[PDB]
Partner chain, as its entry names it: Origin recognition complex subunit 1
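Next up is one chain by itself, shown in structure tokens, the form solved without its partner chain.
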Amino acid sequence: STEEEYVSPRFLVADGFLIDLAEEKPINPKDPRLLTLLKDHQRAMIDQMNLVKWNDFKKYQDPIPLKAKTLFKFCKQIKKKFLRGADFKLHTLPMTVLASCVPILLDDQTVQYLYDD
């Protein structure tokens, strides 16, 4: 869903992502440290929310376009250089642009990037 969802005072869901409001970044819903950080009931609410599975990003060679409504309001951004492709979207550097982007760390220690489509 698009609508913002309460999990705890520290944790919010927006645009398919769970956001750590204290660190101002998304966190993988399957991050092992949510066992400490959230109670059972709160983790159970997250399972009922159909969030983006971060494992699906593993293959992606390009940064990730999101038709987001609110996510970028809560997350620290950096500016990164990308190729602007003829598909009008961003592609990794081997026409360039700088984009405000949200870095995310994956299971295997790869860095991906969410940007606002």
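Basically, rigid core = biggest C-alpha set you can superpose within 1.5 Å across the two forms. Residue numbers count along the first chain shown, from 1.
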property	result
Deposited-sequence gap flanked by residue 94 and residue 95	10 or more
Segment of higher mean CA temperature factor, 63-71 or 81-89	81-89
Average Cα temperature factor in the PDB entry - higher stretch of 27-35, 54-62	54-62
Relative C-alpha B-factor of residue 106, binned into the chain's lowest, middle or highest third	highest
Residue 5 - Cα temperature factor, lowest/middle/highest third of chain	middle
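Absent from the display: the form deposited with its partner chain bound. The rest refers to it.
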| item | value |
| --- | --- |
| Residue contact check: residue 33 to its partner chain in the bound PDB entry, 4.5 Å heavy atom | yes |
| Contact flag, residue 116 vs its partner chain in the bound PDB entry, heavy atom cut 4.5 Å | no |
| Close approach of residue 91 to its partner chain in the bound PDB entry, 4.5 Å, heavy atom | no |
| Its partner chain contact in the bound PDB entry: residue 45, any heavy atom under 4.5 Å | yes |
| Residue shift check between this form and the one not shown, rigid core fit, residue 56 Cα at least 2 Å | no |
